[PDB]
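Novice: I have a structure here, written as structure tokens, and I will follow up with some questions on it.
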Amino acid sequence: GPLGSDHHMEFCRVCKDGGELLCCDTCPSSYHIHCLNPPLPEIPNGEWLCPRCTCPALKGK
Ligand SMILES: [Zn+2]
Ligand SMILES: [Zn+2]
């Protein structure tokens, strides 16, 4: 809506696509299921933390 496109990144940091944006519940990692290192076969139905929150690193990437 007005003054509110979405939260975090309005597009994919990787592919620049802002459709099925898979963003971390914490970090502004608005990605996709194939716009990360570990590819997901489907979109997580709920809350999903970025592919960096899965480990104590990848934050300075
Ligand atoms: Zn993408
Ligand atoms: Zn995260």
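Chain identifiers are assigned as A, B, and so on, following the order in which chains appear in the structure tokens; residues are numbered from 1 within each chain, and ligands are numbered from 1 in order of appearance.
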Can you tell me which residues sit at most 7 Å away from ligand 1, counting only C-alpha atoms and all ligand atoms, written as a short mmCIF file (atom, residue, chain, number, x, y, z; two decimals) with N, CA, C and O atoms, in the first residue's frame?
Specialist:
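Now in part-v5.cif:
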data_model
loop_
_atom_site.label_atom_id
_atom_site.label_comp_id
_atom_site.auth_asym_id
_atom_site.auth_seq_id
_atom_site.Cartn_x
_atom_site.Cartn_y
_atom_site.Cartn_z
N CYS A 12 14.62 -8.68 -4.22
CA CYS A 12 15.59 -9.70 -3.91
C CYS A 12 17.00 -9.14 -4.01
O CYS A 12 17.36 -8.57 -5.04
N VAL A 14 19.49 -10.73 -4.48
CA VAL A 14 20.19 -11.56 -5.44
C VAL A 14 19.66 -11.35 -6.86
O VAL A 14 20.42 -11.00 -7.76
N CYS A 15 18.39 -11.66 -7.07
CA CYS A 15 17.82 -11.63 -8.41
C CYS A 15 17.02 -10.34 -8.67
O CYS A 15 16.57 -10.11 -9.79
N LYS A 16 16.87 -9.52 -7.63
CA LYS A 16 16.16 -8.24 -7.72
C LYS A 16 14.66 -8.42 -7.91
O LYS A 16 13.92 -7.44 -8.05
N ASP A 17 14.19 -9.66 -7.87
CA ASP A 17 12.76 -9.93 -8.00
C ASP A 17 12.05 -9.75 -6.66
O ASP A 17 12.55 -10.20 -5.63
N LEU A 21 9.13 -13.10 -2.17
CA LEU A 21 10.30 -12.71 -1.41
C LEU A 21 10.37 -13.48 -0.10
O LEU A 21 9.47 -13.42 0.74
N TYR A 31 15.24 -12.87 -0.01
CA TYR A 31 15.81 -13.69 -1.06
C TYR A 31 14.70 -14.48 -1.79
O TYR A 31 13.55 -14.06 -1.84
N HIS A 32 15.05 -15.69 -2.23
CA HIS A 32 14.10 -16.64 -2.80
C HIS A 32 14.48 -18.03 -2.33
O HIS A 32 15.43 -18.17 -1.56
N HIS A 34 15.75 -20.10 -4.37
CA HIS A 34 16.91 -20.38 -5.21
C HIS A 34 17.85 -19.18 -5.29
O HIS A 34 18.75 -19.15 -6.12
N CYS A 35 17.66 -18.21 -4.40
CA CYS A 35 18.53 -17.04 -4.36
C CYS A 35 19.37 -17.04 -3.09
O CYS A 35 19.74 -16.00 -2.56
#
Novice: Could you list, as a list in words, every residue within 10 Å of residue A:10, counting only C-alpha atoms and ignoring same-chain residues fewer than 3 positions away?
Specialist: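 After dropping sequence-adjacent residues, the list is residues 4, 5, 6, 7, 13, 16, 17, 18, 19, 21, 23, 28 and 30 of chain A.
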Novice: Hey, can you spit out that residue selection with C-alpha atoms as a JSON list (two decimals), in the first residue's frame?
Specialist:
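again.json, written as the output of this step:
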[["chain", "number", "residue", "atom", "x", "y", "z"],
["A", 4, "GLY", "CA", 4.45, 0.67, 2.57],
["A", 5, "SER", "CA", 5.66, -1.50, -0.28],
["A", 6, "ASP", "CA", 6.84, -4.22, 2.09],
["A", 7, "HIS", "CA", 9.30, -4.89, 4.91],
["A", 13, "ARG", "CA", 19.18, -8.85, -2.99],
["A", 16, "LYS", "CA", 16.16, -8.24, -7.72],
["A", 17, "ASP", "CA", 12.76, -9.93, -8.00],
["A", 18, "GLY", "CA", 10.21, -8.77, -5.45],
["A", 19, "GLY", "CA", 7.57, -11.42, -5.95],
["A", 21, "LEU", "CA", 10.30, -12.71, -1.41],
["A", 23, "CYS", "CA", 12.97, -12.72, 3.96],
["A", 28, "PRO", "CA", 16.62, -8.04, 5.83],
["A", 30, "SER", "CA", 14.78, -10.83, 1.20]]
Novice: Please compute the atom CA of residue A:1-atom CA of residue A:45 distance, one decimal, in Å.
Specialist: 23.0 Å
Novice: List all protein, DNA and RNA residues that have any atom at most 8 Å from ligand 2, counting only C-alpha atoms and all ligand atoms, and write the list as a list in words.
Specialist: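 Listed by chain and ascending number, the contacts are residues 24, 25, 26, 27, 28, 29, 49, 50, 51, 52, 53 and 54 of chain A.
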